[PDB]
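Q: Sharing a structure, written as structure tokens. Questions coming.
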Amino acid sequence: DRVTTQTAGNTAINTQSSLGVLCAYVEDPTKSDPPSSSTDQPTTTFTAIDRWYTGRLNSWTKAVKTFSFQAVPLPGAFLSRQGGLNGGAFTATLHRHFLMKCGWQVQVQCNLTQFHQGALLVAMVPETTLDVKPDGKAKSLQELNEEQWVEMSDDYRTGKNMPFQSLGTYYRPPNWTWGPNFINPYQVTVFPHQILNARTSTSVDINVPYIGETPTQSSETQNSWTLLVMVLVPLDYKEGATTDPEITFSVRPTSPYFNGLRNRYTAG
Amino acid sequence: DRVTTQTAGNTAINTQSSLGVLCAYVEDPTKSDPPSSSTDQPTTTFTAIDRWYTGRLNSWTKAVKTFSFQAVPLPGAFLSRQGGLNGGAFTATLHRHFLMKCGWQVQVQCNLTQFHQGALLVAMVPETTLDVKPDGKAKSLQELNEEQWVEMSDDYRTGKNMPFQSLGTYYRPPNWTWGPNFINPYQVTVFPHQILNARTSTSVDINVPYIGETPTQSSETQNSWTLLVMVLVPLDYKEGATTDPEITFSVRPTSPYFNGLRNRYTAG
Amino acid sequence: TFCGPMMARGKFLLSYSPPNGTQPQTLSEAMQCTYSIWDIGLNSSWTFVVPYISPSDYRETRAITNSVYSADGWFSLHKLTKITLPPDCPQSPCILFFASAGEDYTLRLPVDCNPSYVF
Amino acid sequence: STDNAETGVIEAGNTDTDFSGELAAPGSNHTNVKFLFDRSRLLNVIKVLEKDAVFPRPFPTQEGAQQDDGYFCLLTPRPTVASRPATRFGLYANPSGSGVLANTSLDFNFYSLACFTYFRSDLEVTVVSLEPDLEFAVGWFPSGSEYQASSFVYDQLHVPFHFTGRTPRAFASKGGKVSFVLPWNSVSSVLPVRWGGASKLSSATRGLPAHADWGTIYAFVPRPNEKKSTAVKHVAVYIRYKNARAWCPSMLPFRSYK
Amino acid sequence: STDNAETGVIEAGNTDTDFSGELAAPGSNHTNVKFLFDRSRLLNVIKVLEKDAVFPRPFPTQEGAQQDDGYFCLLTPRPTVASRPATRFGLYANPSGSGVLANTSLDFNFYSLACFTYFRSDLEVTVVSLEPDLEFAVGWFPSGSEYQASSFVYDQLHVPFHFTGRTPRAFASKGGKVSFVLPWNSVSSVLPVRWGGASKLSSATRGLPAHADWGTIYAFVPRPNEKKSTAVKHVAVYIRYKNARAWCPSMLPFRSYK
Amino acid sequence: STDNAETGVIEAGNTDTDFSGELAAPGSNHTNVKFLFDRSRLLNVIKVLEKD
């Protein structure tokens, strides 16, 4: 058992010691319909893009602390090209369609030995902004390698690290305390998730269909499923064990929905 | 009658004084099959690319001579982007598929007045190389605006203007006379074609299915259907008529066939 | 076929690309094309088949001029995550390679041989 | 028992999972989300209009501006500053100085139950004056629209336009209270309590869903403009949610330690 | 009549299209393309091998090279220079000087009928010696392959390998002639008489279809290497096409004026 | 896939063993051993006898 050879398009990934699947909210998530708000003929799926793209994430050592997480947005990951991960043909498509709509398979990657311990937590939270400190500039591919992890401060816990706006100098400068977007780390296992540790598994999967505030959000602005990995108990290993294991990931779109041709996107 | 509103994808072209269609060799040309030589699943058509792209060609004056032609290759036109004509999404697709296979709708463009005369000749010849003088460099988008027309020399008539090869200095330098690729202008109406003149029409169409030396040629090297426009009798117009009318064209692929993913093409 | 200690484990992908201009070198290039990742577990191998994309149905066997009809792009394999192994067990594992005909592999039309083995 | 929780999904276990004993009867159903929310709740207080109103500016505003602040109430549970949709929530603790204090608001006790990501309801507007012996008038315009502000003279008396119009008004009794239920009117599909996104395509503050809201209530007395008193007065506004739905659960606000 | 030719397609018109009279009987059928070509035709002559052969180089070649030129015959109707596929056709009219004259060839009278773009057949190889009282031997290897060239000694006599092998040989009689038919062997689908394309992906001469061909015939005498005469000799080669097909018509070679 | 070759016997794998695609037609049969060898081949040369 426990050997899951998943084949799509022309690629095929298997993880020999895996666990299973985990759908969300509907037992078969790939089913959908073309959106009702549009009127144009939607460009549906095609077999050249039904794919596992993979991409390297930062490694992890002794020096990490509890609740420290990486988080990658989606499909905004495909735009800025983190970790040697690009959509390739897929970005060349969704630059040219003002409406985009799709659900996601993910299986994440590690492999610790049998003389280790330490629990990760792979989960994809819905509808968050865990990539910006309030200056207004979204962080990009250069400033990922200076930290390797987000040390989980209190300002994400109290919702103080969401981008506010220019108050206008007619008023008083305020005293902010709360925002509705936050992360409560004692609570984060209410989302589709599974404990990945050196106990039983090596690589493990999530699966999720669509959620949205509208039938179809915009092309290059929305980010529904950020996925975040966070450590609950740190690693311990004696001198001679394999130092600093490596993390990558594998993202699959399922049943894409495009709408609306124009020129290739050039940012204003 | 004579009003043909042709709609594909989301675009729709009509030419109100047109003539009809002209298929070649089979009365319904769009029918095909996935190629037998491949083994991978081929990426078939999709509605986002079933399109009329259009693009501007050079204008034409009194000063032209008989049998002078423009000629645009295919799909090599989409690569080098002549005349404000690019494949857009289509080039981003066929850069990433080592085998390409498709047939073509074309309707070309002019509109002369009722006080003019002069006959063009729209025809797409098969399997020619009418874009290079033998240096070995294919001509590109900068050197089109210095001539506006190819003055039809004898060296295309005797097949002396095809790219030869380095003879090697062990031998004697030769005395070439003939090549199997040529143009005989007294003869060029054996191909799918129709006389376009100020007599009856304004814009007029060709249509052609696939031909090939193999089931599927390569991506970015083959050029089956070059289309060439050539003038048989020059224009005459008095002072007050519309000087130097303008020519563009409209190219439609039908039932594309892609094969073989890799990285986006970078030329060696 | 893998060969290493059972307490060692790694993730290896293997990738194939049809002829581009240059050769695909780093992981994005070998990523986009055609690949399979592979675990280390209780078994020890991973059967892979290079697909058969072609201009013409038959293909040559050796290239007198290394053209598109006779080559089909390079093959590579990359290490995706590090090999992971406990203390007091040796570094640098090993992997053997095999090569076999698939199902559709058919031959035709013989030629005179190369006697250069006898000299 | 002896199942492991690392598969992500574990069920519940009654007493006879491993012990001797039988499962207990279900007590009640004060749990269903279209009953739990249906509670009359005030969000804030409102300074009453008495003249030709003017409404606040876009995001930056230099001094010397003339707007009448704290007279509108963009009724949402989402955090709001100066009666326009903000993204964070202020509490002006050291208010000494110059420069006017903005009108903040938030629905306090809604989040402490809220384990959701998307929400859906209709609401009702309940108004009550705090000052005695008062008679007033409430107005409203829908979301994705904007207040009309001018005045037209009648028999030397300047009278503004918000006495009349299309969108409904309501005139109270002698110290009465006005209430009515109000349905959906939003351009988007469901109300988000979390959002990614931005307002326009580029060069926008990332996070505020500017057109997924309800609307606003303003109060004003039925008097002509030139007969206005010098004492200012106040009025509160109340909301009770109705027929609610909910989707795709999430976390809760972090409790102190502290 | 009164139709116009600008529609691109016009039919034929018999005598009763506009005149009085009746249409004439069909004469013959020497027109079908799988009968028209079936004619024995020589393309060229061949210098006869007598030793360990060596074959010419790739496209550039500096002086001091040692190859034996004009001994092979890459049999195609396509234009050929130095027994390797060229793209144009030479005629060395002023041959005085130094540097060796290349072996040119082309099938002259095939193009003057050829209104085609793609072609399909099988062929036959007919050989005939021009010099008297001669006995020889013809060899062959398929397209997309290459000649084997070495020698292995037997009883002090150096004997080359092209006496033996897999691919067929043929030994003639006392001044006889050898003929056999030969089928398709090409990697591509149909023979092109026109081509776009290039050999490899980039940095190649645009126009020569290097692997859409037939093969080559070489002649050699059945003698050991050390008993070779000083007088050179010649032999011709003939081709007749068989079972031909054709596709998607085109032009004809341009006739003089002149 | 995910079979191991250490059992000594592995079969062949077509394109749909792990990828998407269908198996290709058999081309020819110049493979059968009672056809492959049937070729006229010289092995050597011989000095001719003329006496006892």
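Chain identifiers are assigned as A, B, and so on, following the order in which chains appear in the structure tokens; residues are numbered from 1 within each chain, and ligands are numbered from 1 in order of appearance.
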Enumerate as a VMD selection string the residues belonging to chain E that approach chain F to within 8 Å, with only C-alpha atoms taken into account.

A: chain E and resid 154 163 to 166 168

Q: With a distance cut-off of 12 Å and only C-alpha atoms, select the neighbouring residues of residue 138 (chain A), excluding the residue or stretch itself and same-chain residues fewer than 4 positions from it, and output the selection as a PDB file with N, CA, C and O atoms, in the first residue's frame.

A:
```pdb
ATOM      1  N   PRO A  73       1.853  32.586  -1.803  1.00  0.00           N
ATOM      2  CA  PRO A  73       0.526  32.874  -2.345  1.00  0.00           C
ATOM      3  C   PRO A  73       0.282  32.101  -3.626  1.00  0.00           C
ATOM      4  O   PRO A  73       1.109  31.312  -4.088  1.00  0.00           O
ATOM      5  N   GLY A  76      -0.295  34.134  -7.415  1.00  0.00           N
ATOM      6  CA  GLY A  76       0.744  35.150  -7.425  1.00  0.00           C
ATOM      7  C   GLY A  76       2.154  34.605  -7.342  1.00  0.00           C
ATOM      8  O   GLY A  76       3.109  35.340  -7.622  1.00  0.00           O
ATOM      9  N   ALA A  77       2.309  33.342  -6.949  1.00  0.00           N
ATOM     10  CA  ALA A  77       3.589  32.657  -7.006  1.00  0.00           C
ATOM     11  C   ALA A  77       4.074  32.546  -8.437  1.00  0.00           C
ATOM     12  O   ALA A  77       5.264  32.726  -8.714  1.00  0.00           O
ATOM     13  N   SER A  80       5.697  36.146  -9.891  1.00  0.00           N
ATOM     14  CA  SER A  80       7.010  36.614  -9.491  1.00  0.00           C
ATOM     15  C   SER A  80       8.080  35.538  -9.539  1.00  0.00           C
ATOM     16  O   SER A  80       9.254  35.863  -9.333  1.00  0.00           O
ATOM     17  N   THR A 129      -3.145  37.540   3.470  1.00  0.00           N
ATOM     18  CA  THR A 129      -2.183  38.501   2.927  1.00  0.00           C
ATOM     19  C   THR A 129      -0.856  38.374   3.681  1.00  0.00           C
ATOM     20  O   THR A 129      -0.257  39.347   4.117  1.00  0.00           O
ATOM     21  N   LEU A 130      -0.359  37.157   3.839  1.00  0.00           N
ATOM     22  CA  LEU A 130       0.840  36.930   4.652  1.00  0.00           C
ATOM     23  C   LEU A 130       2.112  37.092   3.827  1.00  0.00           C
ATOM     24  O   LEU A 130       2.987  36.229   3.808  1.00  0.00           O
ATOM     25  N   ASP A 131       2.217  38.219   3.140  1.00  0.00           N
ATOM     26  CA  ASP A 131       3.398  38.470   2.335  1.00  0.00           C
ATOM     27  C   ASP A 131       3.828  39.930   2.339  1.00  0.00           C
ATOM     28  O   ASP A 131       4.702  40.319   1.558  1.00  0.00           O
ATOM     29  N   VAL A 132       3.255  40.746   3.215  1.00  0.00           N
ATOM     30  CA  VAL A 132       3.531  42.173   3.148  1.00  0.00           C
ATOM     31  C   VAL A 132       3.572  42.771   4.549  1.00  0.00           C
ATOM     32  O   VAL A 132       2.820  42.365   5.442  1.00  0.00           O
ATOM     33  N   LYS A 133       4.514  43.691   4.765  1.00  0.00           N
ATOM     34  CA  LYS A 133       4.675  44.451   5.982  1.00  0.00           C
ATOM     35  C   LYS A 133       4.266  45.827   5.455  1.00  0.00           C
ATOM     36  O   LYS A 133       4.613  46.161   4.310  1.00  0.00           O
ATOM     37  N   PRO A 134       3.551  46.667   6.249  1.00  0.00           N
ATOM     38  CA  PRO A 134       2.544  47.585   5.675  1.00  0.00           C
ATOM     39  C   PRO A 134       2.974  48.686   4.715  1.00  0.00           C
ATOM     40  O   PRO A 134       2.151  49.568   4.453  1.00  0.00           O
ATOM     41  N   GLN A 142      13.794  38.708  -4.096  1.00  0.00           N
ATOM     42  CA  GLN A 142      15.131  39.000  -3.592  1.00  0.00           C
ATOM     43  C   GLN A 142      15.182  38.883  -2.077  1.00  0.00           C
ATOM     44  O   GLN A 142      16.176  38.409  -1.517  1.00  0.00           O
ATOM     45  N   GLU A 143      14.129  39.325  -1.400  1.00  0.00           N
ATOM     46  CA  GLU A 143      14.087  39.381   0.050  1.00  0.00           C
ATOM     47  C   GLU A 143      13.539  38.116   0.691  1.00  0.00           C
ATOM     48  O   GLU A 143      12.976  38.195   1.783  1.00  0.00           O
ATOM     49  N   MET A 162      -0.996  44.087   8.799  1.00  0.00           N
ATOM     50  CA  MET A 162      -1.726  44.196   7.546  1.00  0.00           C
ATOM     51  C   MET A 162      -1.574  45.606   6.999  1.00  0.00           C
ATOM     52  O   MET A 162      -1.534  46.568   7.760  1.00  0.00           O
ATOM     53  N   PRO A 163      -1.432  45.768   5.671  1.00  0.00           N
ATOM     54  CA  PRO A 163      -1.202  47.112   5.115  1.00  0.00           C
ATOM     55  C   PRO A 163      -2.359  48.084   5.264  1.00  0.00           C
ATOM     56  O   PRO A 163      -3.417  47.925   4.653  1.00  0.00           O
ATOM     57  N   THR A 221      -4.633  39.866  -9.173  1.00  0.00           N
ATOM     58  CA  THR A 221      -4.712  40.581  -7.911  1.00  0.00           C
ATOM     59  C   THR A 221      -5.147  39.671  -6.769  1.00  0.00           C
ATOM     60  O   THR A 221      -4.611  39.786  -5.660  1.00  0.00           O
TER      61      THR A 221
ATOM     62  N   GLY D 197      -6.788  40.775  -2.652  1.00  0.00           N
ATOM     63  CA  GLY D 197      -7.297  41.754  -3.598  1.00  0.00           C
ATOM     64  C   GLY D 197      -6.975  43.225  -3.404  1.00  0.00           C
ATOM     65  O   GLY D 197      -6.294  43.610  -2.448  1.00  0.00           O
ATOM     66  N   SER D 202      -4.169  48.276 -10.369  1.00  0.00           N
ATOM     67  CA  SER D 202      -2.841  48.532  -9.835  1.00  0.00           C
ATOM     68  C   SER D 202      -2.836  49.833  -9.054  1.00  0.00           C
ATOM     69  O   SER D 202      -3.739  50.657  -9.212  1.00  0.00           O
ATOM     70  N   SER D 203      -1.809  49.991  -8.214  1.00  0.00           N
ATOM     71  CA  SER D 203      -1.572  51.164  -7.371  1.00  0.00           C
ATOM     72  C   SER D 203      -2.761  51.397  -6.434  1.00  0.00           C
ATOM     73  O   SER D 203      -3.411  52.440  -6.445  1.00  0.00           O
ATOM     74  N   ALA D 204      -3.025  50.381  -5.617  1.00  0.00           N
ATOM     75  CA  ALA D 204      -4.123  50.425  -4.665  1.00  0.00           C
ATOM     76  C   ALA D 204      -3.688  49.757  -3.374  1.00  0.00           C
ATOM     77  O   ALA D 204      -2.832  48.867  -3.392  1.00  0.00           O
ATOM     78  N   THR D 205      -4.272  50.194  -2.262  1.00  0.00           N
ATOM     79  CA  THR D 205      -4.034  49.565  -0.972  1.00  0.00           C
ATOM     80  C   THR D 205      -4.648  48.174  -0.952  1.00  0.00           C
ATOM     81  O   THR D 205      -5.835  48.006  -1.234  1.00  0.00           O
ATOM     82  N   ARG D 206      -3.838  47.174  -0.627  1.00  0.00           N
ATOM     83  CA  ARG D 206      -4.232  45.782  -0.783  1.00  0.00           C
ATOM     84  C   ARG D 206      -5.005  45.313   0.441  1.00  0.00           C
ATOM     85  O   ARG D 206      -4.415  45.087   1.501  1.00  0.00           O
TER      86      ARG D 206
END
```

Q: Could you work out which residues of chain A fall inside 10 Å of chain F? Count only C-alpha atoms, and format the result as a PyMOL selection string.

A: chain A and resi 3-14+16+47

Q: Present chain E as a short mmCIF file (atom, residue, chain, number, x, y, z; two decimals) with C-alpha atoms, in the first residue's frame, least-squares fitted onto chain D over all of its C-alpha atoms paired in order.

A:
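As a result, result.cif now contains:
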```
data_model
loop_
_atom_site.label_atom_id
_atom_site.label_comp_id
_atom_site.auth_asym_id
_atom_site.auth_seq_id
_atom_site.Cartn_x
_atom_site.Cartn_y
_atom_site.Cartn_z
CA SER E 1 -7.59 4.93 19.69
CA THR E 2 -5.53 3.51 18.30
CA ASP E 3 -5.94 5.87 15.37
CA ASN E 4 -3.45 8.65 14.67
CA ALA E 5 -4.35 12.30 14.14
CA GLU E 6 -1.69 12.94 11.49
CA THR E 7 -4.15 12.01 8.70
CA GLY E 8 -5.81 15.38 9.30
CA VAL E 9 -9.27 13.93 9.87
CA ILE E 10 -10.32 12.34 13.14
CA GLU E 11 -13.87 11.77 14.27
CA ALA E 12 -15.23 12.11 17.78
CA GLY E 13 -15.24 9.36 20.37
CA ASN E 14 -18.04 8.58 22.80
CA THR E 15 -17.60 6.91 26.18
CA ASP E 16 -17.77 3.40 24.73
CA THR E 17 -14.82 4.02 22.41
CA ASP E 18 -12.64 2.47 25.14
CA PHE E 19 -14.63 2.62 28.40
CA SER E 20 -17.86 1.12 29.65
CA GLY E 21 -20.86 3.41 29.35
CA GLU E 22 -23.47 4.76 26.95
CA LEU E 23 -23.77 7.99 25.01
CA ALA E 24 -25.75 10.95 26.33
CA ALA E 25 -28.86 12.60 24.92
CA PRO E 26 -28.64 15.76 22.80
CA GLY E 27 -29.54 18.76 24.90
CA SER E 28 -30.46 21.71 22.72
CA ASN E 29 -30.05 23.42 19.38
CA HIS E 30 -29.02 27.03 20.14
CA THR E 31 -26.23 26.39 17.65
CA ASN E 32 -27.68 26.89 14.18
CA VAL E 33 -26.08 29.91 12.63
CA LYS E 34 -29.30 31.42 11.29
CA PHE E 35 -30.59 31.62 14.88
CA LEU E 36 -27.40 32.52 16.74
CA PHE E 37 -26.89 35.89 15.12
CA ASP E 38 -30.45 37.19 15.24
CA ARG E 39 -29.78 39.63 18.11
CA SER E 40 -30.37 43.38 18.31
CA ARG E 41 -26.95 45.01 18.61
CA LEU E 42 -25.86 48.65 18.40
CA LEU E 43 -22.69 49.45 16.62
CA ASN E 44 -22.29 53.16 17.26
CA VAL E 45 -23.48 56.69 17.85
CA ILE E 46 -24.10 59.47 15.33
CA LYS E 47 -23.88 63.26 15.37
CA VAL E 48 -27.07 64.65 13.84
CA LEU E 49 -27.05 66.68 10.63
CA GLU E 50 -28.88 70.00 10.55
CA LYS E 51 -27.77 71.78 7.36
CA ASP E 52 -26.39 71.32 3.86
CA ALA E 53 -24.19 68.30 4.44
CA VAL E 54 -20.75 67.68 2.94
CA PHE E 55 -19.02 64.32 3.00
CA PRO E 56 -15.33 63.47 3.60
CA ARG E 57 -12.63 63.29 0.94
CA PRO E 58 -10.50 60.51 -0.57
CA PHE E 59 -7.51 58.99 1.19
CA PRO E 60 -5.09 61.94 1.71
CA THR E 61 -6.45 65.28 2.92
CA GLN E 62 -4.45 68.42 3.62
CA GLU E 63 -5.57 70.98 6.17
CA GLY E 64 -8.03 73.71 5.30
CA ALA E 65 -10.58 71.17 4.12
CA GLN E 66 -14.24 71.71 4.98
CA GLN E 67 -16.16 68.50 5.55
CA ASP E 68 -18.61 67.57 8.31
CA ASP E 69 -17.20 64.41 9.88
CA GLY E 70 -18.92 61.91 12.12
CA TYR E 71 -22.34 62.37 10.55
CA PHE E 72 -22.44 59.22 8.43
CA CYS E 73 -22.29 55.55 9.43
CA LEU E 74 -21.16 53.09 6.76
CA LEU E 75 -22.93 50.16 8.40
CA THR E 76 -20.90 46.94 8.07
CA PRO E 77 -19.32 44.77 10.76
CA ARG E 78 -16.01 45.50 9.07
CA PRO E 79 -13.64 48.07 10.65
CA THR E 80 -14.34 51.62 9.52
CA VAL E 81 -12.53 54.95 9.95
CA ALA E 82 -14.17 58.33 9.27
CA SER E 83 -17.30 56.72 7.75
CA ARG E 84 -15.37 55.22 4.83
CA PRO E 85 -14.05 51.65 4.65
CA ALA E 86 -10.69 51.23 6.34
CA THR E 87 -8.75 48.05 6.93
CA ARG E 88 -7.52 48.34 10.54
CA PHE E 89 -9.16 49.51 13.76
CA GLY E 90 -8.11 52.46 15.90
CA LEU E 91 -8.60 53.37 19.56
CA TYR E 92 -7.44 56.91 20.20
CA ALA E 93 -5.99 56.54 23.69
CA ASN E 94 -4.00 59.77 24.03
CA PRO E 95 -6.26 62.26 22.27
CA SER E 96 -4.66 65.55 23.35
CA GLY E 97 -3.54 67.94 20.63
CA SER E 98 -4.89 69.45 17.42
CA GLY E 99 -6.26 67.84 14.31
CA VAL E 100 -9.67 66.25 14.43
CA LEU E 101 -10.23 62.76 15.83
CA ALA E 102 -11.65 60.37 13.26
CA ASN E 103 -14.89 58.45 13.73
CA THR E 104 -13.89 54.85 14.31
CA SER E 105 -16.20 51.83 14.49
CA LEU E 106 -16.19 48.01 14.57
CA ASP E 107 -18.69 45.33 15.54
CA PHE E 108 -16.99 44.12 18.71
CA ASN E 109 -18.68 40.89 19.70
CA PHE E 110 -19.26 39.54 16.20
CA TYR E 111 -15.70 38.36 15.70
CA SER E 112 -15.46 36.51 19.02
CA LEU E 113 -17.85 33.89 17.66
CA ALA E 114 -16.84 34.26 14.00
CA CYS E 115 -15.13 31.16 12.71
CA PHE E 116 -15.89 31.82 9.08
CA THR E 117 -14.50 33.18 5.87
CA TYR E 118 -17.63 34.15 3.97
CA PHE E 119 -20.92 35.52 5.20
CA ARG E 120 -24.42 36.20 3.86
CA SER E 121 -27.44 37.92 5.43
CA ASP E 122 -29.99 40.71 5.51
CA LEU E 123 -30.11 43.28 8.28
CA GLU E 124 -32.34 45.83 9.99
CA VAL E 125 -31.78 49.43 11.04
CA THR E 126 -32.92 50.39 14.54
CA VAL E 127 -32.37 53.97 15.64
CA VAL E 128 -32.70 55.59 19.08
CA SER E 129 -32.02 59.12 20.29
CA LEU E 130 -30.11 59.54 23.54
CA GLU E 131 -30.95 63.16 24.24
CA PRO E 132 -34.52 63.66 25.55
CA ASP E 133 -37.65 65.18 23.88
CA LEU E 134 -36.29 64.90 20.34
CA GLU E 135 -37.82 64.31 16.91
CA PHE E 136 -35.67 63.43 13.91
CA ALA E 137 -35.48 61.83 10.49
CA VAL E 138 -33.32 59.05 9.09
CA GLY E 139 -32.09 58.69 5.52
CA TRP E 140 -30.30 56.10 3.46
CA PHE E 141 -28.77 55.39 0.08
CA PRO E 142 -27.58 51.99 -1.21
CA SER E 143 -24.04 50.70 -1.56
CA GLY E 144 -22.13 51.63 -4.71
CA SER E 145 -23.91 54.98 -4.74
CA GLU E 146 -23.36 58.33 -3.07
CA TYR E 147 -25.26 61.03 -1.13
CA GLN E 148 -26.79 64.02 -2.87
CA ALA E 149 -25.91 67.34 -1.23
CA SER E 150 -27.39 70.70 -2.25
CA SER E 151 -30.10 73.15 -1.23
CA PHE E 152 -32.93 74.89 -3.05
CA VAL E 153 -34.69 77.92 -1.59
CA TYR E 154 -38.41 77.98 -0.79
CA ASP E 155 -39.99 81.27 0.36
CA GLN E 156 -36.61 82.73 1.50
CA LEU E 157 -35.92 79.53 3.52
CA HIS E 158 -33.00 77.41 2.37
CA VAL E 159 -34.10 73.77 2.43
CA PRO E 160 -31.77 70.92 1.45
CA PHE E 161 -32.61 68.06 -0.89
CA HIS E 162 -32.35 65.18 1.53
CA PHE E 163 -35.88 65.81 2.70
CA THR E 164 -36.91 64.29 -0.65
CA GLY E 165 -35.62 61.85 -3.24
CA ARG E 166 -36.11 58.28 -4.40
CA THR E 167 -34.41 56.14 -1.68
CA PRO E 168 -36.59 55.88 1.45
CA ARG E 169 -36.90 58.29 4.36
CA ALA E 170 -38.58 57.90 7.76
CA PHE E 171 -39.99 60.49 10.15
CA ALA E 172 -40.22 59.51 13.81
CA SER E 173 -42.82 60.38 16.41
CA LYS E 174 -42.51 62.45 19.58
CA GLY E 175 -39.41 60.76 20.96
CA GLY E 176 -40.18 57.56 19.10
CA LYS E 177 -37.90 55.03 17.45
CA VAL E 178 -37.73 54.00 13.80
CA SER E 179 -37.04 50.49 12.56
CA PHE E 180 -37.23 48.59 9.27
CA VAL E 181 -35.50 45.57 7.76
CA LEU E 182 -33.28 46.03 4.77
CA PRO E 183 -32.31 43.45 2.12
CA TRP E 184 -29.17 42.75 0.10
CA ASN E 185 -27.84 45.34 -2.25
CA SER E 186 -24.24 44.64 -3.15
CA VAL E 187 -22.52 44.25 -6.48
CA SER E 188 -20.44 41.29 -5.32
CA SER E 189 -21.74 37.87 -4.39
CA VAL E 190 -21.12 37.19 -0.70
CA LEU E 191 -19.74 39.38 2.06
CA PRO E 192 -16.08 38.70 2.83
CA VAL E 193 -14.69 38.93 6.35
CA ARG E 194 -11.21 38.26 4.96
CA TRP E 195 -9.94 39.55 1.67
CA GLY E 196 -6.93 39.48 -0.59
CA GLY E 197 -7.30 41.75 -3.60
CA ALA E 198 -7.33 45.50 -4.22
CA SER E 199 -9.87 48.10 -5.33
CA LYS E 200 -8.51 48.84 -8.79
CA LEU E 201 -6.09 46.93 -10.99
CA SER E 202 -2.84 48.53 -9.83
CA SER E 203 -1.57 51.16 -7.37
CA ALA E 204 -4.12 50.42 -4.66
CA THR E 205 -4.03 49.56 -0.97
CA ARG E 206 -4.23 45.78 -0.78
CA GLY E 207 -7.07 44.54 1.38
CA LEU E 208 -10.21 46.65 1.48
CA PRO E 209 -13.29 45.32 -0.37
CA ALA E 210 -14.77 48.71 -1.19
CA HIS E 211 -18.02 47.52 -2.81
CA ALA E 212 -18.96 44.52 -0.64
CA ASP E 213 -20.83 46.39 2.07
CA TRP E 214 -24.36 47.47 2.97
CA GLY E 215 -24.93 51.23 3.06
CA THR E 216 -25.19 54.11 5.56
CA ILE E 217 -27.70 55.90 7.79
CA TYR E 218 -27.68 59.62 8.52
CA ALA E 219 -29.94 61.52 10.91
CA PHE E 220 -31.32 65.02 10.50
CA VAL E 221 -34.06 67.16 12.04
CA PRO E 222 -37.06 68.33 10.00
CA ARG E 223 -36.23 72.05 10.14
CA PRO E 224 -35.11 74.75 7.68
CA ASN E 225 -31.45 75.67 7.63
CA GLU E 226 -31.60 79.10 9.25
CA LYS E 227 -33.35 77.96 12.45
CA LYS E 228 -30.57 75.76 13.81
CA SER E 229 -29.61 75.55 17.49
CA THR E 230 -26.13 75.95 18.92
CA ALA E 231 -26.17 72.78 21.03
CA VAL E 232 -25.16 69.64 19.14
CA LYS E 233 -26.91 66.33 19.83
CA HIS E 234 -26.47 62.60 19.33
CA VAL E 235 -28.25 59.41 18.27
CA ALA E 236 -27.26 55.74 18.18
CA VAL E 237 -27.66 53.02 15.55
CA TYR E 238 -28.46 49.31 16.02
CA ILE E 239 -28.28 46.28 13.71
CA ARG E 240 -29.76 42.79 13.98
CA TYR E 241 -28.74 40.16 11.42
CA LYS E 242 -31.27 37.98 9.60
CA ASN E 243 -31.52 34.74 7.58
CA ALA E 244 -27.78 34.27 7.71
CA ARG E 245 -25.60 31.67 6.01
CA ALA E 246 -21.84 31.01 6.28
CA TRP E 247 -18.98 29.33 4.43
CA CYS E 248 -15.53 27.67 4.77
CA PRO E 249 -14.48 28.02 8.41
CA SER E 250 -11.51 29.79 9.96
CA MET E 251 -9.89 31.05 13.16
CA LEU E 252 -10.92 33.25 16.09
CA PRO E 253 -9.49 36.49 17.55
CA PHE E 254 -6.51 35.91 19.77
CA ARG E 255 -7.21 36.08 23.49
CA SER E 256 -4.88 37.81 25.92
CA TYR E 257 -2.48 36.27 28.42
CA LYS E 258 -1.14 39.08 29.01
#
```

Q: Using only C-alpha atoms, which of the listed residues (C:107, C:83, C:68, C:99) sits closest to chain E?

A: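 Smallest separation from chain E among the options: C:68.
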